[PDB]
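Now for the letters of each chain:
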There are 4 protein chains.
Amino acid sequence: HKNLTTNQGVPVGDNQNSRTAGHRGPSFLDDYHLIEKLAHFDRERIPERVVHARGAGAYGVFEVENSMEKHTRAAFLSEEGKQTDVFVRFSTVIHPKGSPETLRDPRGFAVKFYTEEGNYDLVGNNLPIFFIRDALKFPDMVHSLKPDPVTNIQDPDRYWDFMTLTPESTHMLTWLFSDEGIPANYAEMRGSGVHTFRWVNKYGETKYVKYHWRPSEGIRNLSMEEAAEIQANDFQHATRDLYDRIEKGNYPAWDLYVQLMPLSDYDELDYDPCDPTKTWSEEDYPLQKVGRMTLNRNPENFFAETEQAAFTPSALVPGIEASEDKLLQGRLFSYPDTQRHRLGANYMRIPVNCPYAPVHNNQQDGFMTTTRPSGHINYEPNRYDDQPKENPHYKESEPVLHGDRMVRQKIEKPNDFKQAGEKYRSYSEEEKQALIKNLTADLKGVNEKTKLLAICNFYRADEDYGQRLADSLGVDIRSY
Amino acid sequence: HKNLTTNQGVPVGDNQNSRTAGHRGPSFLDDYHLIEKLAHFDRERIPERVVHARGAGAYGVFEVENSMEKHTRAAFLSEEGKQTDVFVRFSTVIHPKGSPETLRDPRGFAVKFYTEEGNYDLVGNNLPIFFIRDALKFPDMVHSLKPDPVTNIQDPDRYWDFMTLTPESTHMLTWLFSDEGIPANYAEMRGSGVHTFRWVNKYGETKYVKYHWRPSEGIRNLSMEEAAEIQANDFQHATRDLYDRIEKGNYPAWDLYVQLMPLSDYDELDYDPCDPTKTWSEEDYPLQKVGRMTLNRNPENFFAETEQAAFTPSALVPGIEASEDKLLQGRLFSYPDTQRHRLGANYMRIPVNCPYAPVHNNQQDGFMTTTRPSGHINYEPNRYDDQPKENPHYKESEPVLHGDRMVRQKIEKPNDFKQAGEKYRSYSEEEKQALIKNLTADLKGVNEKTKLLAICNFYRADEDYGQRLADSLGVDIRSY
Amino acid sequence: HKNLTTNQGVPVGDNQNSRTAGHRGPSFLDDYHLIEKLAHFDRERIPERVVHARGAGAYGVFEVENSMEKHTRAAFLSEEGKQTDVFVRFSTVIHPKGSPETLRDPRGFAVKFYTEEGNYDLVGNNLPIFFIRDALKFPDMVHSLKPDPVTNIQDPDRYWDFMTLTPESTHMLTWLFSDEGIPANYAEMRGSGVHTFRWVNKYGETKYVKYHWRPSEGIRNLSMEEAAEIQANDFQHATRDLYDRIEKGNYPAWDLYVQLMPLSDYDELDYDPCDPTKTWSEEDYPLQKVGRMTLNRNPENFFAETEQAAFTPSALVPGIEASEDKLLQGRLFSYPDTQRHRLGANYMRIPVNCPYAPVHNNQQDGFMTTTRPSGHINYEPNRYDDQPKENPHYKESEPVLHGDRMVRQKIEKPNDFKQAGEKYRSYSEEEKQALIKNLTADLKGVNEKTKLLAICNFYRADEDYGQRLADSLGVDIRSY
Amino acid sequence: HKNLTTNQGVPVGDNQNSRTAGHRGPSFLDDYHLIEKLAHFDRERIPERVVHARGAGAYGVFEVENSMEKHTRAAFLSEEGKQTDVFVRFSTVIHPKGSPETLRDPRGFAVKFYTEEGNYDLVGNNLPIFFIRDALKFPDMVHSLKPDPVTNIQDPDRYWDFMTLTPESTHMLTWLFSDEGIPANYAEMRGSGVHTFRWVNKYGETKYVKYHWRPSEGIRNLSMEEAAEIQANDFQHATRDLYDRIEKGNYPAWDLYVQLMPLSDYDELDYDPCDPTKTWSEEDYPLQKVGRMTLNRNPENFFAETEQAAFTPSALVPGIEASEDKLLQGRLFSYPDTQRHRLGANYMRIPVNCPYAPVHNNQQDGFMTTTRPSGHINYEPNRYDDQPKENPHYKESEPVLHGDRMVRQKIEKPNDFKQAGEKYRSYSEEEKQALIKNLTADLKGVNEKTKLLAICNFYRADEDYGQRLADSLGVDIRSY
Ligand code: HEM
Ligand code: HEM
Ligand SMILES: [Cl-]
Ligand SMILES: [Cl-]
Ligand SMILES: [Cl-]
Ligand SMILES: [Cl-]
Ligand SMILES: [Cl-]
Ligand SMILES: [Cl-]
Ligand code: NA
Ligand code: NA
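What counts, and where the lines are drawn
- Residues numbered from 1 in each chain as written, not as in the entry; some residues may be left out.
- Chains lettered and ligands numbered in written order.
- Heavy atoms only, no water.
- Helix = DSSP H or I, 4+ residues; strand = E, 2+ residues; numbered from the N terminus.
- Rg over C-alpha atoms; globule rule 2.2 N^0.38 Å.
- Contact = heavy atoms within 4.5 Å.
- Areas by Shrake-Rupley, 256 points an atom, 1.4 Å probe, with all protein chains shown as cover.
- Buried < 20%, exposed > 50% of the residue type's maximum accessible area, 1.4 Å probe, protein only.
- Axes fitted to C-alpha atoms, helices over the stretch in contact; angles between N-to-C directions.
- Parallel < 35°, antiparallel > 145°, perpendicular 65-115°, else oblique.
- Nonpolar A, V, L, I, M, F, W, Y, C, P; charged D, E, K, R; others polar.
- Salt bridge = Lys/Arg side-chain N within 4 Å of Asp/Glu carboxyl O.
- Donors = N, O, S within 2.8 Å, 3.2 Å for Na, K, Ca; no water.
- Pairing = 2+ DSSP bridges.
- Expected span 1.5 Å × (residues − 1).
- Polar contact = N/O pair within 3.5 Å; in protein donor to acceptor, adjacent residues only side chain to side chain.
- Near = heavy atom within 4 Å.

1. Some details on the overall build of chain A
Then comes step 1: When its secondary structure is counted, chain A shows twelve helices and twelve strands.
Then comes step 2: For chain A, whose C-alpha radius of gyration is 25 Å, the value lies close to the compact-globule estimate of 23 Å for 480 residues.
Then comes step 3: In terms of its C-alpha atoms, chain A occupies a principal-axis envelope of roughly 85 × 65 × 50 Å.
Then comes step 4: Contacts in chain A between residues far apart in sequence, at least 24 positions, make up 73% of those at least 6 positions apart.
Then comes step 5: With an accessible surface of roughly 15700 Å², chain A has 46% of that area assigned to carbon and sulfur atoms.

2. Side note on unusual backbone geometry
Backbone geometry follows two general trends: most residues other than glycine have a negative phi, and most peptide bonds adopt the trans configuration.
Then comes step 1: Residues C:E380 and C:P381 are joined by a peptide bond in cis, for which omega reads 10 degrees.
Then comes step 2: Mapped onto the secondary structure, C:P381 falls in the loop between helix 8 (326-343) and strand 12 (406-407).
Then comes step 3: Positive phi, normally seen in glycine, also occurs at B:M368, with a value near 55 degrees.
Then comes step 4: Following the sequence through the fold, B:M368 ends up in the loop between helix 8 (326-343) and strand 12 (406-407).
Then comes step 5: Take B:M368: its relative accessible area is 3%, and that puts it in the buried class.

3. As for the packing of helix 2 (residues 138-145) of chain A against helix 3 (residues 156-164) of chain A
Residues and elements named next belong to chain A.
Then comes step 1: The interhelical angle for the contact between helix 2 and helix 3, taken along N-to-C directions, is 150 degrees, at an axis separation of 7 Å. The orientation of helix 2 relative to helix 3 falls into the category roughly antiparallel. Contacts between helix 2 and helix 3 involve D140, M141, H143, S144 and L145 from the former and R158, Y159, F162 and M163 from the latter.
Then comes step 2: For the contact of helix 2 with helix 3, the residue count by class is five nonpolar, two polar and two charged.

4. Digging into the pattern of salt bridges
All names here are of chain D.
Then comes step 1: Applying the stated criterion across every chain yields a total of 149 salt bridges over all chains.
Then comes step 2: For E65, the salt bridge is made with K289, and the minimal N-O distance between the two is 2.9 Å. Here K289 lies in strand 10 (residues 288-297) and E65 lies in the loop between strand 2 (55-64) and strand 3 (83-91), a separation of 224 residues in the sequence.
Then comes step 3: According to the relative accessible area criterion, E65 is partly exposed, its value standing at 41%.
Then comes step 4: A salt bridge links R468 to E429, with the shortest nitrogen-to-oxygen separation between them at 2.8 Å. Highlighted residues: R468 in helix 12 (residues 463-473) and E429 in helix 10 (residues 429-443), separated in sequence by 39 residues.

5. Side note on the coordination of the sodium ion (ligand 9)
Residues and elements named next belong to chain B.
Then comes step 1: Taken together, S67 (OG) and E80 (OE) make up the protein donors of the sodium ion (ligand 9), found 2.2 to 2.3 Å from the metal. Within this pair, whereas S67 is found in the loop between strand 2 (55-64) and strand 3 (83-91), its partner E80 is found in the loop between strand 2 and strand 3, the two being separated by 13 residues in sequence.
Then comes step 2: For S67, a relative accessible area of 16% gives the class buried.

6. Comments concerning the pairing of strand 4 (residues 108-115) of chain C
On a regular strand, one side chain projects to one face of the sheet and the next to the other, so that they alternate.
All names here are of chain C.
Then comes step 1: With respect to burial, strand 4 is a largely interior element, eight of its eight residues being buried.
Then comes step 2: Of the two faces of strand 4, the one holding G108, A110, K112 and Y114 and the one holding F109, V111, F113 and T115 are both buried throughout.
Then comes step 3: In terms of strand pairing, strand 4 meets strand 5 (residues 118-125) through eight bridges, oriented antiparallel. Note on strand 5: the bridge partner recorded for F113 is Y120.
Then comes step 4: Linking strand 4 back to strand 5 in an antiparallel pair, the connection comprises two residues.

7. Details of helix 8 (residues 326-343) of chain D
Residue and element names in this part refer to chain D.
Then comes step 1: In this model helix 8 runs 26 Å from its N-terminal to its C-terminal C-alpha over 18 residues, within 8% of the 26 Å that 1.5 Å per residue would give.
Then comes step 2: Two or three places before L327, at the start of helix 8, stands the capping residue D325, its side-chain oxygen 2.9 Å from that residue's backbone nitrogen.
Then comes step 3: A positive phi of about 110 degrees marks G344, the residue just after helix 8.

8. Concerning the site of ligand 2
Then comes step 1: Taken together, 23 residues sit near ligand 2, with D:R49, D:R89, D:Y335, D:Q339 and D:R342 positioned nearest.
Then comes step 2: Looking at the residues close to ligand 2, they fall on chains C and D.
Then comes step 3: Interatomic distance of 2.6 Å between a side-chain N/O atom of D:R49 and an oxygen atom of ligand 2.
Then comes step 4: At 2.9 Å from a nitrogen atom of ligand 2 is found a side-chain nitrogen or oxygen belonging to D:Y335.
Then comes step 5: Sorting the residues of the shell around ligand 2 by element identifies strand 5 (118-125) and helix 8 of chain D as the ones contributing at least two each.

9. Some thoughts on the environment of D:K146
Then comes step 1: Tracing the sequence through the fold places D:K146 in the loop between helix 2 (138-145) and helix 3 (156-164).
Then comes step 2: Along the sequence, D:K146 and D:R158 sit twelve residues apart, while their C-alpha atoms lie 9.0 Å from each other.
Then comes step 3: Leaving out residues up to four positions away in the same chain, D:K146 has contacts with C:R45, D:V50, D:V51, D:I94, D:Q154 and D:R158.
Then comes step 4: Looking at D:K146, its side chain comes within polar contact range of the main-chain oxygen of D:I94, at 2.7 Å.

Below is the structure:
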């Protein structure tokens, strides 16, 4: 047995009645319990994530099968058998916190590894490419996909406007409007790092790397009609499914694979290997197994752990570095920036975000300082040998720069249509049919000039793709 | 034609490419446009409302048909034909932004009248009673109804635990589990002030009042299966319907009716007229027509106007006062409290929240001061005749107190079951069948002791009600 | 030895150089250490206290000498020898955080007692009365005293305007413009609860109480000229002195005394005993020794402990209750209200604010949830015997109300001048001269009508007082 | 005459008395005016600036005397006679709001020019160099100079520790410890841009530039004894002086001069011309007159205009660009970053911060959206010709990069001591005496090892300088 108390630690005598002028009179201001309890209630909510607002989290373990020390000095990958705790959040993208998990969207696949040399965040999605290749466009892209700012309803005319005029999107759309646009749940789902990263070994040698997560539960997708039928009765079915698997002891897992490419292959290719609208051939750059992640524990409190979880692509660890991918570059900034707003200056002290590795630095203060700071020395350099010092063993690599000027200029070899055609042609006939069906349902109401431009983009990917879509939309494209 | 600019007013030379080391290198910190645009994007979201997070707004006009000056000095009600502008937000209650509008819930019905003596907010719901009668219980009620804090899924076993142990909820639950728990949309829906308020006339005479809104479009509800059919294909169907009606010129309207009761009728009733778990008889206190509200304009920007709208039951105008209702009393505090957090100290300067009536006072400063303040005098009393002064014509009434001590104690005559039985018996056979069906579906998985207590509460309301529910649940109540 | 790390726990290779395009080129975005370190720096500050911004804190112990159980059930006062930990902040009032401690002002004397039945805050000042007697006036008062909102400089013409038109201020001003308006430092200083409170014993019997702190170091003040001499060379002399005393083991101490008055003495007096512009006679209501507080430890971090400390007059413990004093009644609200803005919704989790007593309740979430919450049950009533429950042993008293209506009306027997005259007459001739000197320096530049009203208010206190001030100001009051 | 009103626009009947249970009873919760008024009071304060918290602002006009079109295409400098409105804030650096203006510190000299092509901020200080040359060190530098995080008192042992170990500081200290470390006020004070910037003309040709402001009132400084004398009687003498000059029509003015250097001069100098610890010889790069700024108008509200004013070095206009200076580079980030925290995401809508030039972009929402947004299109590219578009006439230059690799490495030719010696030797004998006096008073209580290192640093600047300091400190440096 325990007393109900105020936040001052005073036991509460009555948690049923406000203090009033007799049993039926108006309420008095001197009711600390009422005021404190209402005021805290009044302040429960914090801003939702600007994208990926809807999601679900779980803890688990990653275990190395094949050590990667020949390619990366990353401590958590250094030895067979080595286990690292993780926290993972899965999500949709566009709609708000309470929105259904049956909508078409990429799914987020955000892993925080609690390594002995710091937290490593790999902030992936299920689909392995993106719509755009420069972060400057992200707010535009998002605003086009988001509910209309007048009506609060998503409008395909808006996002198809932006996407058609951003033809690098063509490959992504070709995946998003397959039925993999609606994964059956979070467990039966791919994961991808999307970007190329740099792995740097103890000798300072660099490779390009791509990450891939392969579900032990297999990949399964929903048709539009299957998604609708689930939506009718459950708007949180993927959150449900994840919690339930774990509660039952049926732990979902993914095998981690990487591809590795020499920096010097840039000139051997007809696309930029750091363009995130591109994949790398699995034939030319085969998948190499690293290990397995198993999710085996639900959080204790959804708000404190899942809703307040903060992941950033810039939470890198020694031996793993950003590539020059311009989309990735902006992310390095935007996540910690949004997290300071959403969660507070000290969000890194929220338990789920805390490293296992020691934190020692000269940062101080900020809202909600709860860590019991002490000491006179909050600056470096200083004269004290016992105060924290830099450690040059942990310097990052020095990538070579090929440019001689500060420029704003698109990459060379953008090659916006080729891989979209290759993906189209890789689909089974059933999959192609589902693609055309999903695209047609989405495009049929949009502005005619935009609709034509969409058809033309997919035609450039593959003539059959474009012609089928034109036919299904009742657009005559003879004349182009 | 317009230039795209930064917030500094500098025209943007390139809104496509980040600034980089050559055409494919890493990104530079000196890209003010990139950083300003990402940083503002990163800060678009603010906290959703703690309850009623999902909703939709519209503007319109209220016109008086019968002047109410005999009963209230309220300026906006003073004469036939008088028109006052309104803003109205409709909502669900429990689930977040983005959640479907097909869920079972009260609906919010919040009206802001822009009067010549200040803004008057009548912050209603569709249903005319509430689950509880003291604001001290509101965070408890809400937390039981809200998604489980571990699973993020709503759990009937949790809110039924609370409700069964809070038998004053029995009347409300008898309305909420009729099909009126799922209105067809926001236009074909009842509105209620719920609480008794006080109307005070120019002679200082007070009457108790209840407000009622009657839809010109009729009341229409959804069965569970009708709601599921809509939910399959649209999770924002009520927001859609409202916008579309107005955009088409098919303006929805509601007639405003009041009931009026002498203060002296308290003592002879077998309930407390200021208990918000009670209605008043429409035979004994007939509905009296006041006027009509027509909604005829969608907002220009959903965030700025609908999301940032702030209503409070304490936004009262001369001639309309709070009653002693202990649930109302807390609301008077909680709304402007939460709004300071959700919207900022200066939320009353956000355009939708601004009065039409002049605002002059000695308040100052606060986050986001945008009003161009001036003058040396921000204190009263002062020696300056031209500075704002109090006006004793606008004093509120002096309600009589019946109590002689500061107490925490339940009202007399709580009478938790009688009106629930009267409501049950007023249902058609089809409506009773739907009630029992909706209750059974909700209760069938809850803890057996809780399920029994629920049955017993509805049995006390009406023996046929309780026995039918026991039967439908397969629960043997013989030994009770 | 320790590595300097990021907040992710990654050791920092170089804490001297930003990452750049060669050794002299512009800076890259991909510099997580730079951006994290600057972004946290950029957010170090929180709002200062709206008043009492400048202050200093220390920890100590309070020890009971005479148990008070005959008069109050307060646990921390229950036994001779009983020790309770404290945290104390001393302060000036009007000017901002970095302002000098040599200015004229009341001094704050805020004591947080970490009791076994919760935190008790006695939020006092040095001077034993106040300017005003209703919280509605506090923003006005403060705005008049604060730097002019145009010039950022305090103007006596502004606060004398207010004070002269608020004649209840006369007693306070008679103490404030003695040399006790500038204490020599925070150790050689009086402390007062100011308000009357209610003490309730285990039988439910109530007495009125007044609290007084008497410094072991004696009371010592500065003249205007002595204060200027200190200010020339140190603008934080009192903060310095407190820290230095404690660091060198010269712990400052205060003896706590109370006065006790029956509720039934209200009619026996020519002032309202809950008017905080009044003191109680030490002859008629003798000082009774309670115990001693010794301050013996400086904080480890000033921001985390002193700057983030939150005290409230509403942090009452069983056996100690508010009186009806209308100034105190507003304070009960204002302190936790401002603290939620200044410090966050979860400010009660910041270590210095945490109780020693257990905290268990159903509150949740809010910015910066750092406490590792768990469990499914966040609502009461509930079916679970082990969850926290109310404890009726801890109900507060039920004060009798003498009013029969809700009114806005000044107290009876305001008696604004009598005690001011008594205080004036209690001064030595030297002290009277210092009072007249200090008043004259302050009033000599103000508006002539205001200056005459000030003279008239002090005349009504005592004719000699008024006449001396009129003489010193060159104002002829013979015509009146 | 005006009514005092609530923020709802309801006239207030009584601004003196809270609502209570009879004339002396406790206070009621149903007192919207009391609560609204206390709650806004409770929220008046925002965080102070992390540095330069103490300051004062004024408006004025800048007039071009000599067009600068040979060297920059900046619109505001394009024609003789062209007038641009400005807002200017002057400040100290280290201590909080409220702190004295008689302390040793650089002073801030921040000018916002409201140009036809956007707001241009030149965020200067009086002294023309800085302590450090990389932004990564700024929080360290500041934390060393700030009050000790334990004692809340500035400690020379702390900042001398940092500075001695940061020998690039030697030139700055040789200025700061002249009497120019304490300007007499803000009007009789130098201004400097400190950094090298880039000026780009209509042909795309670039020069390096430095900015200098020369007071029409002449430069005047305070000795330590003069500063103490002012501090005794006034802790805000500079804020007072600036206001008072303007109020009386004695407008202070500064002439703007520039120095111009070819980019190609880098390679021939024995220092880096973008090292902000360095000045450029006025013999080799003569001062060239641009125009004059006159400050002629005080703000109407200090909080809304001066306290909320936001300047950034990244508020550049066409023809004026950042240089590669690594200290400047980090400022480009830090200012808008802190401002979003201190002021809100929408701080650029606060009136003092608004451009005169039109703002049109696709940003949206954020706390306190007051600007009445409208329209369906908040994304680019889009199909609408009338929506805002990029304008390639306004592209910035493409600076050449001399580096091969992303590196963390000190600039070449740091040359930490030469210019410090030159400055020393340029002082009059009186000025050298004052320098040594001021240094000696600061260093005499510092740790011996630190004190010796300081002496050594100044000795390397100039043997006489170091030896005089050592002699004054009683340190025998013969052995070295
Ligand atoms: C320039 C491109 C992008 C920008 C600017 C961007 C920005 C953001 C921001 C601001 C958030 C909210 C973060 C938070 O509140 O902590 C977010 C969430 C997220 N984004 Fe992105 N994003 C971009 C591209 C991508 C890409 C390529 C992926 C996947 C490869 C991705 C996956 C995610 C995921 C999974 C989340 C949710 C993380 C979580 O579960 O907590 N985004 N993004
Ligand atoms: C990396 C070096 C520096 C950093 C990181 C930095 C950072 C900051 C920050 C965060 C502020 C607060 C701004 C606000 O809240 O609006 C500030 C204020 C200021 N700093 Fe710096 N600063 C640096 C160097 C300098 C330099 C070299 C100068 C002058 C040349 C300078 C002059 C100022 C001034 C004048 C202000 C006051 C602006 C105002 O009146 O609002 N700072 N600094
Ligand atoms: Cl922020
Ligand atoms: Cl650090
Ligand atoms: Cl006011
Ligand atoms: Cl708040
Ligand atoms: Cl609670
Ligand atoms: Cl934009
Ligand atoms: Na009439
Ligand atoms: Na005793």
